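Structure, as structure tokens:
There are 2 protein chains.
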Amino acid sequence: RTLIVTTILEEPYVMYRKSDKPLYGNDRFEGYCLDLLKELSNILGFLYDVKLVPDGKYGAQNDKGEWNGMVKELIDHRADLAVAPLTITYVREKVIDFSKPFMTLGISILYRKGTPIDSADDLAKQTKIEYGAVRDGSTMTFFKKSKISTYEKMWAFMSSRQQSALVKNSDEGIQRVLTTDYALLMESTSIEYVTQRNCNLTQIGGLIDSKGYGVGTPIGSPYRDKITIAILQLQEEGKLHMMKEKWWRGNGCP
Amino acid sequence: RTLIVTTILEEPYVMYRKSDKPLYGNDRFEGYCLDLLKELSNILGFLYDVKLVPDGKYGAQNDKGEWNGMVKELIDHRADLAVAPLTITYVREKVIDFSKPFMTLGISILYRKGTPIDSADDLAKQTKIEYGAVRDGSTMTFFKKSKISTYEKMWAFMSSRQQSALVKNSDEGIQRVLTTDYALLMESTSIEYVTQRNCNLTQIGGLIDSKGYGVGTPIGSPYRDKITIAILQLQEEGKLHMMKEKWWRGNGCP
Ligand SMILES: C=C(C)[C@H]1CN[C@H](C(=O)O)[C@H]1CC(=O)O
Ligand SMILES: C=C(C)[C@H]1CN[C@H](C(=O)O)[C@H]1CC(=O)O
Ligand SMILES: [Cl-]
Ligand SMILES: [Cl-]
Ligand SMILES: [Cl-]
Ligand SMILES: [Cl-]
Ligand SMILES: [Li+]
Ligand SMILES: [Li+]
């Protein structure tokens, strides 16, 4: 049987391809995650049908404890795999079986160039520069749950004023950084992508934490361990490195 | 239960403690991995007995395909867990079930400071400076199996002349870098530890690959997923970062 793959539009992982006519099926899409799925399919010998997650969410819980997003598609067996920049977190790993990571990353800061800001601590100890994250994503959750003093202080700020410092999506965050005195807490792989395309922006400081993106599968899936072993082969062959360079290299920023 | 844990002496992961009299049982040991085991046991509620792997090996295959080391202890169900800087590789993941990584790293180069050498390509394109790796470790295996031209060239060099450029263990590699015109291919977390303590050594270049250390379990173990989840909790709480700082920080370099 052909596997159903849940995913989400997110540059440069999954994008609509450009054409002169309406597109259908897997031909709608291109990006790093499409290349990853062609390599996984090459090694493992499955066919697949890519399906955008109907609610347009990655996966978090509502106040009843019920999941949404790609994570919920896997829980409910409406997808076999999720292939997206789906952060491997404690809360999600309890409810789905993630492969080992195909990409490693951490939270960092996207801000304008030319300023004296150098770290999260520099942001935490002040209130003139606003800062926030995408609402309900794993970066926001990291701040919400942290018991590290600096990160607790930052969460107090971000959550204040009915969460006015948060944004609904990364593109909104990026425009806010570009327009106003605002720093976005963002996963470092996305910061790399953005700062190679907008030379007025930069990463501030290093990575705050360390985590990965993995392919999601339902708990008990026979595909999880097969996909992990395929990812390790692709990593060791230098294929994942090549695929990242293909999709991230920009017009170049100093 | 009391779980049986196979491990290996490797600084700063597992070391003999210092004391005036004979030590016994788990009290023989300290280091990053003993701290990790303590935190895992706190979260999961198991007792454990630490046992050094009798052959003193991590786990590789002989000419006949037979495994040794900690990996073989797990295959044979002589241990429940392997807790060590045991690299998660394609060949090992086919025969045991690794947790997700508790530490992320890559192969890099250990060399003396103050030379023109800046990358693997600089070593690969010459034959005066000798370079190699620990024989039969995952770094050597990476080079043996690579089809990337630079790394094939390096493997041809490392393996030439009855593998005279290889070393038996990391300590031997470090002494050879300190004394002679030699560069060691070494996992980056070990390079960090060594360069904190040898102010005349440095990492050359970046990481050539990306991988992790995981807790090994036999295929099918119920503990594997539980330990993954505990690791993710420890990462998100900042505890893994604190543990690394504790064991890696040196006395400073002038
Ligand atoms: C693009 C977004 C909304 C996703 C991507 N990975 C994170 C996740 O899987 O939650 C989210 C980003 C973040 O929270 O910074
Ligand atoms: C200390 C050594 C022999 C081990 C540690 N991790 C690698 C492994 O698990 O094979 C080896 C290092 C290396 O191959 O550079
Ligand atoms: Cl649910
Ligand atoms: Cl022992
Ligand atoms: Cl896993
Ligand atoms: Cl000699
Ligand atoms: Li899971
Ligand atoms: Li495995």
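First to last, the sequence lines map onto chains B and A.
Take the first sequence: its position 84, counted from the start at 1, is 87 in the authors' numbering, and no numbers get skipped.
Take the second sequence: its position 198, counted from the start at 1, is 201 in the authors' numbering, and no numbers get skipped.
All C-beta atoms in this analysis are idealised placements derived from N, C-alpha and C, irrespective of residue type, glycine included.
Using a threshold of 7 Å, is the CB atom of residue i nearer than that to any non-hydrogen atom of ligand 4?
i       : result
A/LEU39 : no
A/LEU55 : yes
Taking all protein chains shown into account, do 16 or more other C-beta atoms lie within 10 angstroms of the C-beta of residue i, making it buried, or fewer, making it exposed?
i        : result
B/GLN166 : exposed
A/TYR27  : exposed
B/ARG179 : buried
B/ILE222 : exposed
A/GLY255 : exposed
A/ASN45  : exposed
A/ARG4   : exposed
B/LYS116 : exposed
B/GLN129 : exposed
B/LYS150 : exposed
A/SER173 : buried
Looking at the secondary structure, which residues open and close the alpha helix (DSSP H) in which residue i lies?
i        : result
B/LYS24  : B/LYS24 -> no alpha helix (DSSP H), and no H or E assigned at all.
B/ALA159 : 152-166
A/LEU77  : 72-78
B/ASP228 : 226-239
B/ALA123 : 123-127
A/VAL180 : 173-182
A/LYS67  : Counting along the chain, A/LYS67 falls outside any alpha helix (DSSP H), and DSSP gives it neither H nor E.
A/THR142 : 141-148
B/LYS247 : 242-251
When you measure from the CB of residue i to every non-hydrogen atom of ligand 3, does any distance come out below 7 Å?
i        : result
B/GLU69  : yes
B/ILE78  : yes
B/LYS249 : no
B/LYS75  : yes
In the DSSP output, what is residue i paired with across the bridge?
i                    : result
B/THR205             : B/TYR114
A/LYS41              : DSSP output for A/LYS41 lists no bridge partner at all.
B/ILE99              : B/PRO221
B/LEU84              : B/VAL8
A/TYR19              : A/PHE32
A/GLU13              : A/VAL17
residue 1 of chain B : This structure does not reach residue 1 of chain B, given that chain B is present from 4 up to 257, and the question cannot be answered.
A/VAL94              : None; A/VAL94 has no bridge partner.
Can you tell me where the beta strand (DSSP E) with residue i in it begins and where it stops?
i                      : result
B/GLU133               : 133-135
A/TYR51                : 50-55
A/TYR185               : 185-190
residue 303 of chain B : Only positions 4 to 257 of chain B appear in this structure, which leaves residue 303 of chain B out of reach.
B/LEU108               : 106-108
Is there at least one non-hydrogen atom of ligand 1 closer than 7 Å to the beta-carbon of residue i?
i        : result
B/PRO88  : yes
B/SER152 : no
A/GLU195 : no
B/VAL94  : no
B/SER173 : yes
A/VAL218 : no
Report, in whole angstroms, the separation of the C-beta atoms of residue i and residue j, which I expect to be a contact under 8 Å.
i                    : j        : result
A/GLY68              : A/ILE11  : Actually they do not touch by this definition, with Cβ atoms about 22 Å apart.
A/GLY208             : A/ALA123 : 6 Å
A/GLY253             : A/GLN199 : 3 Å
B/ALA82              : B/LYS54  : 7 Å
A/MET157             : A/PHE145 : About 10 Å separates the two Cβ atoms, so there is no contact after all.
B/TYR35              : B/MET246 : 6 Å
B/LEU84              : B/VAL218 : 6 Å
B/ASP52              : B/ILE7   : 6 Å
B/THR9               : B/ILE99  : Between B/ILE99 and B/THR9 the Cβ distance is about 11 Å, and since that is not below 8 Å, they are no contact.
B/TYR196             : B/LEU89  : Not really, about 17 Å apart at Cβ, beyond 8 Å.
B/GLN238             : A/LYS214 : 7 Å
A/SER141             : A/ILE211 : So it is not a contact: roughly 13 Å between Cβ atoms.
A/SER102             : A/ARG20  : Incorrect: roughly 26 Å between the Cβ atoms, too far for contact.
B/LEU47              : B/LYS249 : Between B/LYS249 and B/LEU47 the Cβ distance is about 21 Å, and since that is not below 8 Å, they are no contact.
residue 3 of chain B : B/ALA186 : Examination of residue 3 of chain B is not possible in this model, given that chain B is present from 4 through 257 alone.
Quick one: does the C-beta of residue i sit closer than 7 Å to a heavy atom of ligand 7?
i        : result
B/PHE101 : yes
B/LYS97  : yes
B/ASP228 : no
B/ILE222 : yes
Taking 7 Å as the cut-off, is the beta-carbon of residue i closer than that to any non-hydrogen atom of ligand 8?
i        : result
A/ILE234 : no
For ligand 2, any of its heavy atoms closer than 7 Å to the Cβ of residue i?
i        : result
A/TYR61  : yes
A/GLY140 : yes
A/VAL180 : no
B/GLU239 : no
What do you reckon, is the C-beta of residue i under 7 Å from a heavy atom of ligand 5?
i        : result
B/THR107 : no
B/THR231 : yes
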